[PDB]
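>>> Whatever this is, show me its structure:
(chains A, B, C, D, E, F, G and H)
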Amino acid sequence: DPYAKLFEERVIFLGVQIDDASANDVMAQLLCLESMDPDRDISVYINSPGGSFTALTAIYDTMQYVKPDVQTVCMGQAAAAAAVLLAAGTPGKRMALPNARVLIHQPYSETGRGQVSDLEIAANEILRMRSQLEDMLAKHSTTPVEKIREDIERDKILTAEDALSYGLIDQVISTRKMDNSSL
Amino acid sequence: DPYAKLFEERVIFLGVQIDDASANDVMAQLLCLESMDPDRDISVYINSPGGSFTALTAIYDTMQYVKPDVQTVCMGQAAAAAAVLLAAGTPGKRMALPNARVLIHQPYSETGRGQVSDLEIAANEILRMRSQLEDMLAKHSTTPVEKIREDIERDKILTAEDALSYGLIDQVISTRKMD
Amino acid sequence: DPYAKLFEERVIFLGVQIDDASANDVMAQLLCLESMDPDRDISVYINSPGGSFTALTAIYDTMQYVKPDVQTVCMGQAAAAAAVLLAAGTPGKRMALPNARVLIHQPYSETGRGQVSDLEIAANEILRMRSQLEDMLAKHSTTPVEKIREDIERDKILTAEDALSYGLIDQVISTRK
Amino acid sequence: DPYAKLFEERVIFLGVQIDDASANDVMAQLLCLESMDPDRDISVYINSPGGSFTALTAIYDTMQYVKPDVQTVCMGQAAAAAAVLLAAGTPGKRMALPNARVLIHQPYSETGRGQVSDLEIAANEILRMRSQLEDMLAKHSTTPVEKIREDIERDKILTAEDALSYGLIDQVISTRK
Amino acid sequence: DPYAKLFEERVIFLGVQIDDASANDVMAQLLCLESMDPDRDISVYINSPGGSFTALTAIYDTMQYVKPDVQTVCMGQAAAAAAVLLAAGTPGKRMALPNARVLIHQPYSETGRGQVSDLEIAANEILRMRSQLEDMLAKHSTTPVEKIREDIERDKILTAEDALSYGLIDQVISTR
Amino acid sequence: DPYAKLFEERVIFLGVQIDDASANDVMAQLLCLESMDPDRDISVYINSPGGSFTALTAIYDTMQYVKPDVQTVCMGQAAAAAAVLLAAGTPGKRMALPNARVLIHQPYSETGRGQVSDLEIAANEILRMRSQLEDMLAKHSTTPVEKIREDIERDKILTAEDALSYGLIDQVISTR
Amino acid sequence: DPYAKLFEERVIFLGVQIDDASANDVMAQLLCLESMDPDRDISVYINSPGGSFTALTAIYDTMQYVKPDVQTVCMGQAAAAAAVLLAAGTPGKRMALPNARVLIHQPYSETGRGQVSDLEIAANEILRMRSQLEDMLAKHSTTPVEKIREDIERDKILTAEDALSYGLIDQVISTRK
Amino acid sequence: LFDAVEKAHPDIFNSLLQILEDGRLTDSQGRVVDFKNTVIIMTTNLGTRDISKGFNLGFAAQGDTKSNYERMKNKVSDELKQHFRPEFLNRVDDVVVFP
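Numbers count the residues shown, from 1 in each chain, chains lettered A, B, ... in the order given. Below you will find the coordinate block:
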C-alpha cells in the first residue's frame, strides 16, 4: 500500500474533490501527524478539481492551526479551491510540477426556489464568501487585492512560471537532485 | 486509521447529516467514553449541516445525561441542529475556528396527504417542536427568548465573532503558537 | 466498535424500522444473551419509527418468553410498534429520556386487487390485529381499554411525563448527578 | 455474531422468502449438521411469509431424509409454503409462539405467453402441484383430506390454539417459568 | 460455511441457472477435485433449471474427461440441460429425491436481426444442437431414440419413478 | 478457491469475455508462471465467446514471447478471438474436446458519427486488422491463406474433427 | 496475486484509462519504488486507451523527475495519452510488442454552456493544451515538429515498425533472450 | 567505558543515575563506593543507519544544503531522545558526534 508508506513519511495526499468527508479525513490526518511529531514538516500533495467552500475553509484553518510547517506541492491541477490550499502552505515551501496549471475564479453557487428575503440573505452570504476568498488570496500572495478582484472575475489559468510570478508558489521542481555529500 | 486514534483520545466527529444512524453511533460512542472514564473530558467536533429534530433531541439528552464535561468545537459550518449541539457544550468549553459560520433558523417539515384533523395534529406537533427549539436555544445562550424568536424567524448566519457575542460559543482559537 | 462493547454488557439497539430482518436479529441476540447469562438483566434501547405487526407480535412473544427481566429505554422516539415494545418491558424498569416522544395510533395497511371474499378475509384479519393491539396495550397500561380504543382512533403524541402519566413508562431520566 | 452461536448449537434459522438460494443454503446446513452429529436433534425456526413449490418439495424431502428429529419452531407468521414445512417436522416437536399465525391457501402461479398445448401442460402441472400439496397437508396433519381440499380453496388463517386444534403443531409455548 | 465443508468432503452444488460464469466455476471445482485425488468419486447436486447449451456441452465434456467417477443427485427439479447433466453421470449412481421432477424439451433459441445467410447458418447450427440433444439423451438412457424425438417436441415432465422407468436415473432415495 | 490452486498446477482459465482487464490478468499470470518455472509448460483453458482485437493481440504476443510451451485446451466454445488464441499454441499441444464448437468470422466494428476522413481512417484500420487476423490464422494453421480469406466472409462453425481437418488443433481428447 | 509480485520486481501496470485516481496511484507507486531503490530501473507497461490531459502531465512530470531510468513497454495498444507516456521513457529503453498500434491525435474536449468570454478563454486553454502536447511529442522524438503538427490533425495509427521509424520506439522485442 | 550502550537492556543505565549525579554506587552489602574521580565514556552508533542515504521520500526542489555531519547530528539527537529517558540525558556532561 503506497499510501500508507507515504503517510508514515508524513505526506498527506489530496487527489479527490473537496467535500465534507475529504475535509474531515484531511483534518483528522493533520491532527494525528501533528500529535505524532510537532516538529517535522507535513507534506500535502494537491491534485483536486476544486470543491465546496466550507470544506476549503475548514482545511485552511486546520493547516494554519497546526504547529509544524506545511509543504504544498501542486500536482496536476488546482482548479477552484485547491489553489487556495496550495497558496496556504508555509512561505518558501510551496512548489509545483513543471507541466501543471493553477486556476482561479470567483465562487459559483445556486439556490433553490424561495421568497425574495431568503434570496437576499443568500446573496449577502455569497458576497461575504467571495470577499473572504479575495482576502485569503490577497494575504497569501504578492499581487494587490485590486488585481485579485479584477483577475478572479473570470477563469484565470496560470502555468508553473506564471504562478511563480504571481506569488502563489515559490519553486518549480525539475528533476531529482542529490544532496551535497561533503562529510 | 486516524479516526481510531482520535477516539482513543476521547474525540468524536460529527460531520454527517444528523439522522437516526448517526445519532445512534454518537450516543453509543458517548456511552463507551463515559464507561471507560467517567470523570475526564470528551471532545465533540461538529462539521454537519443539520438533520432531523428527533435525533437532535436524542443527542442533546445523551450529552446532558453523561456527566463528564463535553467540549464542542466547530470547524466548518454548524447549521440548524448542529448549532444547537454546538451551544449544548459545557460553558467555557465551546470553541470555533477563526473562519466558521453558524446558521440558525426555524424548523422545516413535510407531511403527506391526509384529512384536516391529522393536519391540525401535525401543526400542533411542529409548533411544539419549534417552541422546544427556542427553549433549548435560550437555555444555553445569553440572549432573551423574544430576540431568539425574532432572530430564528428566517435564516440567521453568524461568523465566529458574531457567534461569540451572540453566546453560542466561548472562544475563537486562531493558532497554536499564539496561545 | 461501540456496539460490540454494549453487547458485551448486554445492550440491544432498536434504531431501524421493525421488519423481518430486525426482528430476526433481535431474536438471535436475545436468545444468545439469555443463554450466556440467565440471571443479569437485558437492556433494549428503542429509536424506531414503527414497523410491521407480525414482527411486533413475534418480538413481544420472545420478550415475554425470555425469563430474565428486560429493561426498555426510549431514547429518541417510539411510534406505533415501538411504543408497544416500550410498554412490553419488565414493569418498574421502563425509562424515557426528557426530550422524547411516544406516538400511538391504529394500524395502517393496504390490500391488493382481488375479489370481495379475499378483501373480507383481509379486513377480518386487520380487525383482529387491531383488537389484539388494543388488548396488548391495555395489558401493559393502567388505562381502561375503552380509553385506549377511543384514543388510538387517530395519531397521539405524548411527552415523557405524559407517557409516565399514561402508564407507558415508570421513570423519566433527568441527569447523572 | 449470534447466528454462528445458534448454528453451533444445531439450530437452522429461516426467516426469508423461500427461493432457490435459501433451499441450497438449507441443504448445505442440514447436510453439515447431519455429518457432524447424526444423532442429536436439529431445530429449525420458521419466520417466512411464503415461498415457491419446487424449493418446498426439495427442502421437505431433505428434511425427511435426515436421521435426527427435526423440531420446527414458528415465530410471528408462517404462510402458504411455510405452513407445510412447519407441519412436516418430526411428530411431537412442532412448536408455535402464543401470537404466531399460520396462513394456508392453494398455490398461486402465472405462465408466459404460449400456445394452447403449453398452457394445457402447465395447467395439468399446476393441478398436480395442488394435489401434491394437499396430500402433504393430509399426511402430516390430523385433518381429513376432503376438509383440506375444501379449505385451501381460499385464504384461511389460524392462530396458535387453532393451529394446535388443526394438528399442524403439537403445543403452544407460553413462557419460561 | 457449510459450502466449504461440503466441497471439502466431495460435494459440488449446481443450484444456479446454467451460464458461462457458473460453467467456469464448476470447471475449476471439478479440476481441483480431480487434482486433489484422482481415485475418489465426485458428487454433483442439481437443483437448477436449464441454461445455455454451450455450457451444457462443456460441462458434459468435463465430466466425461476426468477419470474419477461422477455421482448425480437431483433434488427439487432438473429442467432442460439439468436433466441431461443428471443423466450424464456414471451409470449406476444417478439418483433423485422422491418429490424431484425432470423437465425435458427441445432447445429454445433467439437470434438478432441479420441477413438471410446468417439466419440460415444459425438455423443449421441450432438443428445441430438439437441433434446433439437427442444423441446425449439417448446414449445415456434406455429409451428408443425416435421416442425421445417425439417426446422432446413439447414440454415433457416426469416424476422420480417416471424418470427411473425412462432410464435417466438409477435409484430413488427414500431414506438411508 | 480452486482458481488459485489450479494456478499452482499451472492452469489458466479464459472463461470470460476477452477484454482489457481479463487480458491484463492473463498476461500477468503468464509472466508470473514463466517466472516461477521457465521450463514446465503453461496450460491455457479457453471458454470465451470472443472479445476485443487489442486483447487478442496482446495475449498472442505474450504467449509467443516466452520459452515455456503454451498448451491450449478448448471446452464448450472458442469463437473469434478465442479461436486464434487456441490456434496460437505451440505445435502438438493444441487439443480440444469432442463436441466443442469453434466459430470464425471477420471482425465486427461500430463507430460513432464523424466526418468522411475519420470514417475512411477507421475503415482502413479495420481492414488492416482483418488482414492481420487472416495472417495469423494462415501462419498458425495448415489451410492456405486464400481459403481462410474466403471462409471468414461469413461465420463458419467447426467441430473438433472439423477443426482438426482445418489444421487449428493437433488431436482430439475424449477421456484419459 | 500476480499484481503484487509485478510490483515487487519494479513493474507498474497502466491498463485502465488515464484519470485522477489512476494517475495518483501510479505516481505514488513511482515514489515508493524510487525510495526503496534509487538505482534499479522502473518498468512501466502501457495498455491504456488514453485519458485526461492533466493526469497525462502529472504522470509525465513524476516520471521525468524520478532518478531511476524508466523502461516503457507498449503492450496491446497505446492511444493518445498512452502514446505520450510510452514515448516519454528513457531513450534506448522504450520498446513495444511486435504486433501493436500507437494512435496519436489532437486533443478533443467539450465545453458547457456559457457566455462568449468563457468560451474564448476555454478555446485559448485548449489551444495551449494542443501546443504543449505537440511540443512534448517533438521533444521525445526524432520527427520534426511541423511534421507532427500536420500528422496530429487527424487520427494517425502507427505499427511497431512505424513507431520505430517515427522516433517514438527505440527497438522492438520479439522473443525472450 | 561502556561500549555499545544501545545493545543493552534500557534499564541497566537506570543504575548510572546516582553515578552521574551523586558520584556514588552502593553494592548489595551496603558499602558505598565513590565515582567522583572517574571519567565516564559511553560509546554508541545510534542514528547512523542513514549515512549512505541520498534523499527522502517525496518531491523536493533543489536539495539539502547541509552536509552529512549536520543531518547525522540531528538524527543522533533524535534517536538519543527516543532511546533514553530525559532524566538520564540531563545528567550527561557532553554528547560528541563523530564525523
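>>> and the top helix by length along chain A, what does it pack onto?
The longest helix of chain A (DSSP state H) is helix A:116-139. If you count contacts as 3 or more Cβ pairs under 8 Å, 6 or more residues apart in numbering or on different chains; DSSP states H and E, helix A:116-139 packs onto helix A:53-65, helix A:82-87, helix A:145-151. In this view, the C-beta of every residue, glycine as well, is placed from N, C-alpha and C.
>>> if you set the cut-off to 6 Å instead, what comes out?
If contacts are counted by 3 or more Cβ pairs under 6 Å, 6 or more residues apart in numbering or on different chains; DSSP states H and E, helix A:116-139 sits against helix A:145-151.
>>> Show me what secondary structure element comes after the helix it packs on.
strand A:156-158 (DSSP states H and E).
>>> Give me the helices and strands touching that next one, please.
Looks like strand A:156-158 contacts strand A:101-104 (3+ Cβ pairs under 6 Å, 6+ apart).
>>> What strands flank the strand it packs on, and is each parallel or antiparallel?
strand A:77-78 (parallel), strand A:156-158 (antiparallel) (DSSP bridges).
>>> helix or strand right after the last one?
Tracing the chain past strand A:156-158, the next element assigned as helix or strand by DSSP H and E is helix A:160-166.
>>> quick one: contacts for residue A:160?
A:96, A:98, A:100, A:172 (Cβ atoms under 6 Å, 6 or more residues apart in numbering or on different chains).
>>> got the phi/psi numbers for the second one?
Pointing back at residue A:98 there. phi -60, psi -60 (degrees, to the nearest 10).
>>> just to revisit the earlier point, dump the strands paired with strand A:101-104 to JSON lines, plus distance to residue A:70 and mean neighbour count.
As requested, the strands paired with strand A:101-104 are exported to JSON lines (distance: least, Cβ to Cβ, whole Å; neighbours: other Cβ atoms under 10 Å in any protein chain shown):
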{"stretch": "strand A:77-78", "distance to residue A:70": "15", "mean neighbour count": "28"}
{"stretch": "strand A:156-158", "distance to residue A:70": "21", "mean neighbour count": "19"}
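>>> Out of these, which is closest to residue A:181?
strand A:77-78 (34.3 Å; Cβ to Cβ).
>>> Same list as before, the strands paired with strand A:101-104 that is, but in a markdown table and with distance to residue A:21 included.
Output for these, formatted as a markdown table (distance: least, Cβ to Cβ, whole Å):
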| stretch | distance to residue A:21 |
| --- | --- |
| strand A:77-78 | 19 |
| strand A:156-158 | 28 |
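>>> Residue A:72 belongs to a strand, doesn't it?
Yes: with DSSP: H, G, I helix; E, B strand; the rest coil as the criterion, residue A:72 is located in a strand.
>>> Pull out the buried positions in stretch H:41-52.
Neighbour-count burial for stretch H:41-52 flags H:44, H:46-47 (criterion: 16 or more other Cβ atoms under 10 Å in any protein chain shown).
>>> picking that back up, name the residues that touch the longest helix of chain A?
With Cβ under 6 Å, 6+ apart, helix A:116-139 has contacts from A:53, A:84, A:106-107, A:109, A:111, A:145, A:148-149, B:155, B:157.
>>> which bits of chain H sit near chain A?
Neighbours of chain A within chain H, by Cβ under 6 Å from any Cβ of the partner chain: H:54, H:57-59, H:61, H:63-64, H:67-68.
>>> CSV for those, including distance to chain F and secondary structure?
As requested, the residues of chain H next to chain A are exported to CSV (distance: Cβ to the nearest Cβ, whole Å; DSSP: H, G, I helix; E, B strand; the rest coil):
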residue, distance to chain F, secondary structure
H:54, 30, coil
H:57, 27, coil
H:58, 29, coil
H:59, 29, coil
H:61, 36, coil
H:63, 37, coil
H:64, 39, coil
H:67, 43, coil
H:68, 39, helix
